[PDB]
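Before any comments, here is the structure.
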Amino acid sequence: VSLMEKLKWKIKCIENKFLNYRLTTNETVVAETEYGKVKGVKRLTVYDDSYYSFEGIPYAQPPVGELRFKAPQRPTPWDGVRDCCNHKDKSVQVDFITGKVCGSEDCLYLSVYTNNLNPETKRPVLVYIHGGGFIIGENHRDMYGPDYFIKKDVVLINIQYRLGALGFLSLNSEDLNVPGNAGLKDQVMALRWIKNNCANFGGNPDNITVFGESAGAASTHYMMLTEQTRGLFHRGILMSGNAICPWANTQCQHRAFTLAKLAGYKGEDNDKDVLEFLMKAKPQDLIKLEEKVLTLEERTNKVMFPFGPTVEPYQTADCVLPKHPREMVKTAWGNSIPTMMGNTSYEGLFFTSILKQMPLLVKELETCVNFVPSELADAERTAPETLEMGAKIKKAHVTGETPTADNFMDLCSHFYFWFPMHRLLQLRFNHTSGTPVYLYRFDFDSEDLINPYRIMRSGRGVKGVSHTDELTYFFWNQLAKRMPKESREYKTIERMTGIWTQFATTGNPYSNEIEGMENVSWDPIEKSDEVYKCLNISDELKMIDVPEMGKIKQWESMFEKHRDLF
């Protein structure tokens, strides 16, 4: 990231700290948890609303030393009053603005917010899981501010979990107790805490919604798939992601060794000796080197992250993913709770930045063999069947004689988001009690209000609704400003937070009390639907057939001779 956005972000960081002090009050309050009393503080928003803020609530033991790479354990309870008036640190990770490593292994905390500690009725509980490819992200209010949601009568909860190799190291040897998915096991234990404690904050323990974007969406879906969380919540929102997305799982058991070798390990490739080195390496050295772990072949096969969720090699007490996600959908308790899912109108536009560094990637669309789902393609991507599948993809997105960046970014939308969503809906239909799933399409474009991800994707002055453009209308961030209330941006905040809280409340997203929704008949998706219908959200709200549908069927036709793998 540029020197200009480094000094520019440095200043907004300093501004956010002064604003945060200014927007603080002297009104401290104490609440009960099952681990002991916590002290929160009331804060202000730029729209002159206020809310109670409890930050740095531990939901697990600090996962340092011998707990590193291990499943999380419950934290130690305390007498007296724990101070929760400041944020804790984020998970160790590479800062996308600077490139430096930041964070700390002591990262397993959650934050609780609400405009009213003592409502007269129990409120809907909303749990946000941040995205960031399981390698970056945080629950700090400079990125995920509760300011829009607290205008509503809900309890909002933002969790943290272990990122990167510290969150997702996986070792085959059963003796070492590092099966993998530690960061997911973090999420589980946070859910268990939320279930047992939300009532102390005015929340309804029998009406909890979990939602997240991108990796947060896959996390949310995983929380709906695993037996570990059965019955913990009651609604799910998957925003631009799920667990059968190609980036949302990987078998990474051989990559621990590689990571060790990059970090200076001297010895052989057995898990024990590899683990011992990794257990004593500086946390910020492991994280800085993750970028180098993937081989060139893996990058070629569109593997995006070296460490991440994985099928665990053996089963233990806190096992989360004992089978491939496709197999888990067939039994998942979460299939039988109300679900909302959606994408933005130009997802792949996120990859503008990457193309700017590798213009050579555009040539991949001459055959598109690289984008063939990996389970169908051969190793070298050279078998004639793979070239055939590649051609079907090519017909879907290459509009002219030569592929363009727009073709490329259009393909990504489907490879990373629309196709996986389609596969999941069809799978779920064959294994579900018939609980409704609703679809949305986020199509609202604006440059007058942005969020930090636009700096990373180099989305400065770029038309189109990219992946993560919707976050801006859900959360406050240190790049936000107060918008006039008649603005299109402000209306979208109201609609977006309106629908999400409405869904969280009733398992049904429609409300005539939301501006723009007076002509809307939002029906859920039936198994017999050949065409998906979705709420298109732009300056106006409108029910439509998913425009991406024809391209989605093209991708499905790659499985014509391999229908068992669909």
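For the structure tokens, the naming scheme is as follows: chains receive sequential letters (A, B, ...) according to their order of presentation, residues are indexed from 1 within each chain, and ligands are indexed from 1 in presentation order.
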
Requested in this report: Among the residues of segment 312-354 of chain A, find those DSSP assigns to alpha helix (DSSP H) from the backbone and print them as an MDAnalysis selection string.
Outcome: chainID A and resid 325:328 352:354

Neighbouring residues of residue 63 of chain A were defined as those with any atom within 12 Å, considering only C-alpha atoms; residues of the same chain fewer than 3 positions away were excluded. Please report them as a short mmCIF file (atom, residue, chain, number, x, y, z; two decimals) with N, CA, C and O atoms, in the first residue's frame.
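What ended up in result.cif:
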```
data_model
loop_
_atom_site.label_atom_id
_atom_site.label_comp_id
_atom_site.auth_asym_id
_atom_site.auth_seq_id
_atom_site.Cartn_x
_atom_site.Cartn_y
_atom_site.Cartn_z
N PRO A 58 -13.21 -11.22 27.86
CA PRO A 58 -12.57 -12.48 27.46
C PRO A 58 -13.58 -13.60 27.44
O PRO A 58 -14.42 -13.70 28.33
N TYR A 59 -13.52 -14.46 26.44
CA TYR A 59 -14.47 -15.55 26.39
C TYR A 59 -13.69 -16.87 26.37
O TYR A 59 -14.25 -17.96 26.23
N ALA A 60 -12.38 -16.74 26.52
CA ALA A 60 -11.48 -17.87 26.58
C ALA A 60 -10.17 -17.44 27.22
O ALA A 60 -9.86 -16.24 27.26
N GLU A 66 1.76 -22.79 25.88
CA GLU A 66 1.41 -24.17 25.54
C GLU A 66 -0.01 -24.30 25.00
O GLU A 66 -0.42 -25.38 24.57
N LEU A 67 -0.79 -23.22 25.02
CA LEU A 67 -2.13 -23.27 24.44
C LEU A 67 -2.09 -22.83 22.98
O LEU A 67 -3.10 -22.84 22.30
N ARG A 68 -0.91 -22.42 22.52
CA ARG A 68 -0.77 -21.93 21.16
C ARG A 68 -1.04 -23.07 20.17
O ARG A 68 -0.56 -24.19 20.36
N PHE A 69 -1.84 -22.76 19.14
CA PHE A 69 -2.32 -23.74 18.16
C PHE A 69 -3.33 -24.72 18.77
O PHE A 69 -3.81 -25.63 18.09
N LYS A 70 -3.65 -24.55 20.05
CA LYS A 70 -4.55 -25.49 20.71
C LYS A 70 -5.96 -24.94 20.77
O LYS A 70 -6.17 -23.72 20.72
N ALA A 71 -6.93 -25.85 20.89
CA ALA A 71 -8.31 -25.49 21.14
C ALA A 71 -8.38 -24.52 22.33
O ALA A 71 -7.53 -24.54 23.23
N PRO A 72 -9.39 -23.64 22.32
CA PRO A 72 -9.43 -22.69 23.42
C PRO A 72 -10.03 -23.32 24.68
O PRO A 72 -10.88 -24.21 24.59
N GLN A 73 -9.56 -22.88 25.84
CA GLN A 73 -10.16 -23.29 27.11
C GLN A 73 -10.89 -22.10 27.70
O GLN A 73 -10.59 -20.95 27.36
N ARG A 74 -11.84 -22.38 28.59
CA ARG A 74 -12.59 -21.32 29.28
C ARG A 74 -11.65 -20.47 30.12
O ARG A 74 -10.64 -20.96 30.62
N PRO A 75 -11.96 -19.17 30.26
CA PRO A 75 -11.09 -18.27 31.00
C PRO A 75 -11.26 -18.43 32.50
O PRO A 75 -12.18 -19.11 32.96
N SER A 91 -5.92 -9.87 16.69
CA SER A 91 -5.12 -11.06 16.48
C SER A 91 -3.87 -10.71 15.69
O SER A 91 -3.89 -9.78 14.90
N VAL A 92 -2.78 -11.44 15.90
CA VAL A 92 -1.56 -11.13 15.16
C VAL A 92 -1.81 -11.32 13.66
O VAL A 92 -2.43 -12.31 13.23
N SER A 104 -1.55 -9.16 18.78
CA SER A 104 -1.02 -9.87 19.91
C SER A 104 -1.73 -11.20 20.04
O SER A 104 -2.86 -11.33 19.60
N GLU A 105 -1.07 -12.18 20.64
CA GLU A 105 -1.66 -13.51 20.80
C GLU A 105 -2.81 -13.45 21.80
O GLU A 105 -3.68 -14.31 21.79
N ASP A 106 -2.80 -12.44 22.67
CA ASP A 106 -3.90 -12.22 23.60
C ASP A 106 -4.98 -11.45 22.84
O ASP A 106 -4.99 -10.21 22.82
N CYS A 107 -5.88 -12.20 22.18
CA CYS A 107 -6.83 -11.59 21.26
C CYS A 107 -8.27 -12.09 21.41
O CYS A 107 -9.16 -11.59 20.75
N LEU A 108 -8.48 -13.08 22.27
CA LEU A 108 -9.77 -13.76 22.35
C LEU A 108 -10.77 -13.03 23.26
O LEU A 108 -11.04 -13.46 24.38
N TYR A 109 -11.32 -11.93 22.73
CA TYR A 109 -12.28 -11.08 23.44
C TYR A 109 -13.51 -10.79 22.56
O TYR A 109 -13.47 -10.95 21.34
N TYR A 161 -11.33 -13.77 17.01
CA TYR A 161 -10.92 -15.18 16.98
C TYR A 161 -9.52 -15.26 16.37
O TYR A 161 -9.08 -14.33 15.70
N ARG A 162 -8.80 -16.35 16.61
CA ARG A 162 -7.41 -16.45 16.17
C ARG A 162 -7.30 -16.50 14.65
O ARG A 162 -8.03 -17.23 13.97
N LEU A 163 -6.37 -15.70 14.12
CA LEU A 163 -6.19 -15.59 12.69
C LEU A 163 -4.95 -16.32 12.22
O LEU A 163 -4.08 -16.64 13.01
N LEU A 166 -1.76 -19.16 13.52
CA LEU A 166 -2.06 -19.28 14.95
C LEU A 166 -3.50 -19.73 15.14
O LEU A 166 -3.84 -20.37 16.14
N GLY A 167 -4.34 -19.41 14.16
CA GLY A 167 -5.71 -19.85 14.21
C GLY A 167 -5.94 -21.18 13.52
O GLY A 167 -6.90 -21.86 13.85
N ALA A 182 -8.47 -23.94 15.01
CA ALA A 182 -8.50 -23.39 16.36
C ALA A 182 -9.34 -22.11 16.37
O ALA A 182 -10.12 -21.87 17.30
N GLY A 183 -9.18 -21.30 15.33
CA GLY A 183 -9.92 -20.06 15.23
C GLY A 183 -11.42 -20.29 15.15
O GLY A 183 -12.20 -19.47 15.62
N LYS A 185 -12.91 -22.89 16.57
CA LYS A 185 -13.23 -23.34 17.92
C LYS A 185 -13.30 -22.14 18.88
O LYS A 185 -13.98 -22.20 19.90
N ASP A 186 -12.60 -21.07 18.53
CA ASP A 186 -12.74 -19.81 19.24
C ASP A 186 -14.16 -19.29 19.06
O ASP A 186 -14.85 -18.97 20.03
N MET A 279 6.13 -23.73 18.21
CA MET A 279 5.69 -23.35 19.54
C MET A 279 6.57 -22.31 20.21
O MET A 279 6.16 -21.69 21.20
N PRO A 283 5.73 -14.82 17.54
CA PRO A 283 4.44 -14.85 16.83
C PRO A 283 4.48 -14.00 15.57
O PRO A 283 3.89 -14.39 14.57
#
```

Could I get the residues of segment 338-376 of chain A with an atom no further than 12 Å from an atom of segment 238-252 of chain A, each paired with its nearest atom pair and that distance in Å to one decimal, using only C-alpha atoms, sorted by chain and residue number, as JSON lines?
```
{"residue": "A:338", "atom": "CA", "partner": "A:238", "partner_atom": "CA", "distance": 11.3}
{"residue": "A:339", "atom": "CA", "partner": "A:238", "partner_atom": "CA", "distance": 7.7}
{"residue": "A:340", "atom": "CA", "partner": "A:238", "partner_atom": "CA", "distance": 6.2}
{"residue": "A:341", "atom": "CA", "partner": "A:238", "partner_atom": "CA", "distance": 4.7}
{"residue": "A:342", "atom": "CA", "partner": "A:239", "partner_atom": "CA", "distance": 5.3}
{"residue": "A:343", "atom": "CA", "partner": "A:240", "partner_atom": "CA", "distance": 4.7}
{"residue": "A:344", "atom": "CA", "partner": "A:240", "partner_atom": "CA", "distance": 7.3}
{"residue": "A:345", "atom": "CA", "partner": "A:240", "partner_atom": "CA", "distance": 10.6}
{"residue": "A:346", "atom": "CA", "partner": "A:240", "partner_atom": "CA", "distance": 11.1}
{"residue": "A:347", "atom": "CA", "partner": "A:240", "partner_atom": "CA", "distance": 8.2}
{"residue": "A:348", "atom": "CA", "partner": "A:240", "partner_atom": "CA", "distance": 11.0}
{"residue": "A:371", "atom": "CA", "partner": "A:246", "partner_atom": "CA", "distance": 10.3}
{"residue": "A:372", "atom": "CA", "partner": "A:246", "partner_atom": "CA", "distance": 10.8}
{"residue": "A:373", "atom": "CA", "partner": "A:246", "partner_atom": "CA", "distance": 7.9}
{"residue": "A:374", "atom": "CA", "partner": "A:246", "partner_atom": "CA", "distance": 8.5}
{"residue": "A:375", "atom": "CA", "partner": "A:246", "partner_atom": "CA", "distance": 10.2}
```

Query - Shell of 12 Å around residue 19 of chain A, only C-alpha atoms, local chain residues under 2 positions omitted, as a PyMOL selection string - result: chain A and resi 12-17+21-24+43-46+141-142+477-481

Any chance you can output those residues with C-alpha atoms as a PDB file, in the first residue's frame?
```pdb
ATOM      1  CA  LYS A  12      -7.194   9.183  10.581  1.00  0.00           C
ATOM      2  CA  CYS A  13      -5.815   6.880  13.306  1.00  0.00           C
ATOM      3  CA  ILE A  14      -4.852   9.910  15.377  1.00  0.00           C
ATOM      4  CA  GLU A  15      -8.203  11.556  14.573  1.00  0.00           C
ATOM      5  CA  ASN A  16     -10.158   8.433  15.550  1.00  0.00           C
ATOM      6  CA  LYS A  17      -8.399   8.339  18.925  1.00  0.00           C
ATOM      7  CA  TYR A  21     -12.105  10.200  23.663  1.00  0.00           C
ATOM      8  CA  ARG A  22     -14.578  12.986  22.788  1.00  0.00           C
ATOM      9  CA  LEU A  23     -17.419  10.528  22.150  1.00  0.00           C
ATOM     10  CA  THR A  24     -16.869   8.960  25.562  1.00  0.00           C
ATOM     11  CA  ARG A  43     -20.431   6.389  24.237  1.00  0.00           C
ATOM     12  CA  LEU A  44     -21.791   8.838  21.667  1.00  0.00           C
ATOM     13  CA  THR A  45     -22.243   8.589  17.900  1.00  0.00           C
ATOM     14  CA  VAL A  46     -21.933  11.391  15.340  1.00  0.00           C
ATOM     15  CA  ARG A 141     -14.713   0.322  16.566  1.00  0.00           C
ATOM     16  CA  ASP A 142     -12.486   2.166  14.109  1.00  0.00           C
ATOM     17  CA  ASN A 477     -15.487   3.246  10.643  1.00  0.00           C
ATOM     18  CA  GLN A 478     -12.825   5.943  11.030  1.00  0.00           C
ATOM     19  CA  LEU A 479     -13.354   7.033   7.396  1.00  0.00           C
ATOM     20  CA  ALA A 480     -17.049   7.713   7.917  1.00  0.00           C
ATOM     21  CA  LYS A 481     -18.659  11.104   8.423  1.00  0.00           C
TER      22      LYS A 481
END
```

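Nearest-residue note for residue 354 of chain A: choosing from A:282, A:457, A:394, A:122, the minimum distance belongs to A:457, counting only C-alpha atoms.
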
Requested in this report: Would you kindly return, as a PyMOL selection string, each protein, DNA or RNA residue with an atom no farther than 9 Å from any atom of segment 438-445 of chain A, considering only C-alpha atoms and excluding same-chain residues fewer than 2 positions away?
Outcome: chain A and resi 338-346+436+447+463-466+469-470+489+492+508-509+522-525+532-540+543+546

Go ahead and write the selection's residues with N, CA, C and O atoms as a short mmCIF file (atom, residue, chain, number, x, y, z; two decimals), in the first residue's frame.
```cif
data_model
loop_
_atom_site.label_atom_id
_atom_site.label_comp_id
_atom_site.auth_asym_id
_atom_site.auth_seq_id
_atom_site.Cartn_x
_atom_site.Cartn_y
_atom_site.Cartn_z
N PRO A 338 -34.05 -20.13 10.01
CA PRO A 338 -34.20 -19.10 8.97
C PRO A 338 -32.86 -18.49 8.53
O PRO A 338 -32.05 -18.10 9.36
N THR A 339 -32.65 -18.44 7.22
CA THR A 339 -31.39 -18.00 6.66
C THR A 339 -31.54 -16.91 5.60
O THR A 339 -32.38 -16.99 4.72
N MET A 340 -30.69 -15.89 5.66
CA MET A 340 -30.60 -14.91 4.58
C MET A 340 -29.22 -14.98 3.94
O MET A 340 -28.24 -15.20 4.63
N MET A 341 -29.16 -14.82 2.62
CA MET A 341 -27.90 -14.89 1.88
C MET A 341 -27.89 -13.86 0.79
O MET A 341 -28.94 -13.47 0.29
N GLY A 342 -26.70 -13.43 0.38
CA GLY A 342 -26.63 -12.43 -0.66
C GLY A 342 -25.24 -12.09 -1.11
O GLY A 342 -24.28 -12.51 -0.50
N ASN A 343 -25.15 -11.32 -2.18
CA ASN A 343 -23.87 -10.89 -2.73
C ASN A 343 -24.03 -9.47 -3.23
O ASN A 343 -25.15 -8.97 -3.31
N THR A 344 -22.93 -8.81 -3.56
CA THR A 344 -23.04 -7.50 -4.21
C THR A 344 -23.14 -7.70 -5.73
O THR A 344 -23.00 -8.83 -6.23
N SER A 345 -23.40 -6.62 -6.46
CA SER A 345 -23.67 -6.72 -7.89
C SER A 345 -22.40 -6.86 -8.76
O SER A 345 -22.49 -7.24 -9.92
N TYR A 346 -21.23 -6.57 -8.20
CA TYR A 346 -19.98 -6.73 -8.94
C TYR A 346 -18.85 -7.20 -8.03
O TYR A 346 -17.83 -6.53 -7.90
N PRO A 436 -37.22 -21.33 5.49
CA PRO A 436 -36.97 -20.43 4.36
C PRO A 436 -35.54 -19.87 4.28
O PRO A 436 -34.93 -19.52 5.29
N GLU A 447 -19.70 6.72 -3.65
CA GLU A 447 -18.33 7.08 -3.37
C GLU A 447 -18.29 8.08 -2.22
O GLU A 447 -17.24 8.32 -1.63
N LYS A 463 -16.15 2.86 -10.17
CA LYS A 463 -17.59 2.63 -10.16
C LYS A 463 -17.89 1.15 -10.04
O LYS A 463 -17.13 0.31 -10.53
N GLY A 464 -19.00 0.83 -9.39
CA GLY A 464 -19.42 -0.55 -9.23
C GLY A 464 -19.43 -0.94 -7.77
O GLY A 464 -18.67 -0.39 -6.97
N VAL A 465 -20.29 -1.89 -7.43
CA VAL A 465 -20.43 -2.32 -6.05
C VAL A 465 -19.58 -3.55 -5.78
O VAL A 465 -19.99 -4.69 -6.00
N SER A 466 -18.39 -3.29 -5.28
CA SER A 466 -17.44 -4.33 -4.97
C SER A 466 -17.79 -5.10 -3.70
O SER A 466 -18.57 -4.67 -2.85
N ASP A 469 -18.33 -3.47 -0.14
CA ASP A 469 -18.88 -2.11 -0.24
C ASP A 469 -20.10 -1.91 0.65
O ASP A 469 -20.47 -0.78 0.95
N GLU A 470 -20.72 -3.02 1.07
CA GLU A 470 -21.93 -2.95 1.88
C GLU A 470 -21.63 -2.71 3.35
O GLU A 470 -22.51 -2.25 4.08
N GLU A 489 -27.17 7.79 0.84
CA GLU A 489 -26.34 7.00 1.75
C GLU A 489 -27.02 6.74 3.10
O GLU A 489 -27.08 5.61 3.56
N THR A 492 -29.85 4.27 2.99
CA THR A 492 -29.40 2.91 2.81
C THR A 492 -28.95 2.33 4.14
O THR A 492 -29.17 1.16 4.41
N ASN A 508 -37.98 -13.24 9.17
CA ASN A 508 -38.60 -12.75 7.95
C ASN A 508 -38.11 -11.33 7.72
O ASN A 508 -38.28 -10.48 8.59
N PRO A 509 -37.49 -11.08 6.57
CA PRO A 509 -36.85 -9.77 6.36
C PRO A 509 -37.78 -8.64 5.93
O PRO A 509 -37.37 -7.48 5.94
N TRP A 522 -41.26 -10.04 -0.92
CA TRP A 522 -40.04 -10.85 -0.77
C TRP A 522 -40.36 -12.30 -0.41
O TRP A 522 -40.59 -12.62 0.76
N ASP A 523 -40.39 -13.17 -1.42
CA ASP A 523 -40.63 -14.59 -1.22
C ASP A 523 -39.31 -15.36 -1.11
O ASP A 523 -38.35 -15.03 -1.79
N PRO A 524 -39.27 -16.38 -0.25
CA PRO A 524 -38.07 -17.22 -0.14
C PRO A 524 -37.91 -18.21 -1.30
O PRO A 524 -38.84 -18.42 -2.07
N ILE A 525 -36.72 -18.79 -1.43
CA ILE A 525 -36.40 -19.70 -2.52
C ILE A 525 -36.95 -21.11 -2.28
O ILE A 525 -36.69 -21.72 -1.24
N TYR A 532 -33.69 -18.05 -9.34
CA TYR A 532 -33.68 -17.48 -8.00
C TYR A 532 -34.26 -16.09 -8.08
O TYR A 532 -33.96 -15.35 -9.02
N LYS A 533 -35.09 -15.73 -7.10
CA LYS A 533 -35.55 -14.36 -6.98
C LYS A 533 -34.90 -13.71 -5.75
O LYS A 533 -34.75 -14.35 -4.70
N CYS A 534 -34.52 -12.45 -5.89
CA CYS A 534 -33.82 -11.77 -4.82
C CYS A 534 -34.27 -10.33 -4.70
O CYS A 534 -34.72 -9.72 -5.68
N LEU A 535 -34.14 -9.78 -3.49
CA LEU A 535 -34.34 -8.35 -3.29
C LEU A 535 -33.12 -7.60 -3.79
O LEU A 535 -32.05 -7.68 -3.19
N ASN A 536 -33.28 -6.87 -4.88
CA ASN A 536 -32.22 -6.04 -5.38
C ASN A 536 -32.25 -4.73 -4.61
O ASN A 536 -33.26 -4.03 -4.59
N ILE A 537 -31.14 -4.42 -3.94
CA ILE A 537 -31.06 -3.20 -3.14
C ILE A 537 -30.23 -2.14 -3.85
O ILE A 537 -29.01 -2.24 -3.91
N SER A 538 -30.90 -1.13 -4.40
CA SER A 538 -30.20 0.05 -4.88
C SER A 538 -30.89 1.30 -4.35
O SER A 538 -31.38 1.31 -3.21
N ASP A 539 -30.94 2.36 -5.15
CA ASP A 539 -31.60 3.59 -4.72
C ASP A 539 -33.07 3.27 -4.52
O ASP A 539 -33.73 3.85 -3.67
N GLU A 540 -33.56 2.30 -5.28
CA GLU A 540 -34.86 1.71 -5.01
C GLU A 540 -34.71 0.23 -4.71
O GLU A 540 -33.75 -0.41 -5.15
N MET A 543 -37.81 -6.47 -6.22
CA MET A 543 -37.67 -7.91 -6.39
C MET A 543 -37.37 -8.23 -7.85
O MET A 543 -38.03 -7.73 -8.75
N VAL A 546 -32.41 -13.22 -10.19
CA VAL A 546 -30.97 -13.05 -10.11
C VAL A 546 -30.38 -13.03 -11.50
O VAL A 546 -30.46 -14.01 -12.23
#
```

Query - Long-range neighbours of segment 321-324 of chain A as a ChimeraX atom specification, 7 Å cut-off, only C-alpha atoms, 4 positions minimum in chain - result: /A:226,310-312,315,328

Include N, CA and C atoms and write out the residues we just selected as a compact mmCIF listing (two decimals), in the first residue's frame.
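In the end it all went to result_37.txt:
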```txt
# COMPACT_ATOMS: atom_id res chain seq x y z
N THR A 226 -21.56 -27.20 12.15
CA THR A 226 -20.99 -28.09 13.15
C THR A 226 -21.97 -28.44 14.25
N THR A 310 -10.20 -26.52 7.78
CA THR A 310 -9.70 -27.73 7.18
C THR A 310 -10.44 -28.92 7.75
N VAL A 311 -10.51 -30.00 6.99
CA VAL A 311 -11.06 -31.22 7.55
C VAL A 311 -10.04 -31.72 8.56
N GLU A 312 -10.47 -31.89 9.80
CA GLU A 312 -9.55 -32.26 10.85
C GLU A 312 -9.14 -33.72 10.65
N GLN A 315 -10.60 -37.05 15.22
CA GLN A 315 -11.58 -36.37 16.07
C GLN A 315 -11.15 -36.24 17.53
N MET A 328 -21.08 -32.12 5.41
CA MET A 328 -21.66 -31.65 6.66
C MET A 328 -23.02 -30.98 6.48
```

Query raised in the report: Can you tell me how far atom CA of residue 98 of chain A sits from atom CA of residue 219 of chain A, in Å to one decimal?
Result: 26.5 Å

Requested in this report: Give me, please, the distance in Å between atom CA of residue 435 of chain A and atom CA of residue 188 of chain A, quoted to one decimal.
Outcome: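 So the two atoms, atom CA of residue 435 of chain A and atom CA of residue 188 of chain A, lie 23.0 Å apart.
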
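Candidate residues A:172, A:285, A:90, A:452 were compared for distance to residue 143 of chain A, and the nearest is A:452, using only C-alpha atoms.
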
**Report entry** Pick from A:289, A:549, A:224, A:349, whichever lies nearest to residue 460 of chain A using only C-alpha atoms
**Finding:**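 Among the listed residues, the smallest separation from residue 460 of chain A belongs to A:349.
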
**Report entry** Residue list (strand (DSSP E), DSSP) for segment 264-460 of chain A, as a list in words
**Finding:** residues 339, 340, 341, 342, 343, 344, 437, 438, 439, 440, 441 and 442 of chain A

Query - Residue contacts of residue 220 of chain A (8 Å, only C-alpha atoms) excluding same-chain residues fewer than 4 positions away, as an MDAnalysis selection string - result: chainID A and resid 129 210:212 216 224 236:238 242

Report summary line: With distances taken over only C-alpha atoms, the candidate from A:218, A:455, A:190, A:286 nearest residue 93 of chain A is A:286

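Taking atom CA of residue 160 of chain A as the reference point, atom CA of residue 482 of chain A is found at 27.2 Å.
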